[PDB]
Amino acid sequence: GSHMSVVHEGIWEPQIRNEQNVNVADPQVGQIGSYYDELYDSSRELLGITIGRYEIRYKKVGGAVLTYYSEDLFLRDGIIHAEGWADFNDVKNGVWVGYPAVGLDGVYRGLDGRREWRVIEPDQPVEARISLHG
């Protein structure tokens, strides 16, 4: 019946600044990073920016490295807060990761959903998608 949504797909997301003490090969609990990325829509026009951080939080018996991300996305059409869990192994292996997102402003107000991304190439821009629903 009734559906309201805002979807941005085929995002090209270059990293403008990032600092971290995360051992990429062998991450240790308590290591962190902070980042400032631009986002470009599928037409490589500017969509906005994200500012965020992440922390290696725990390891599972099966080897997953559970990492907690928190960020704010300031886009042409509104503002989104996104935070949650990713397996750092999925990150490194170019698997799609992501976590819940809530609209704060503009078209996203009263919506929520997910902020997702994947590595294509180490130290190359990431692919991202944003999908929020009423």
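From 1 onward, residues are counted along the sequence shown.
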query	finding
Entry-level comparison of average CA B-factors, 38-46 and 52-60, reporting the higher stretch	38-46
Residue stretch of maximal mean CA temperature factor, 78-86 vs 23-31	23-31
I11 by Cα B-factor - lowest, middle or highest third of the modelled chain	middle
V126, C-alpha B-factor rank within chain (lowest, middle or highest third)	middle
Third assignment of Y99 from its chain's C-alpha B-factors	lowest
Modelled-residue ranking by C-alpha temperature factor, third containing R115	lowest
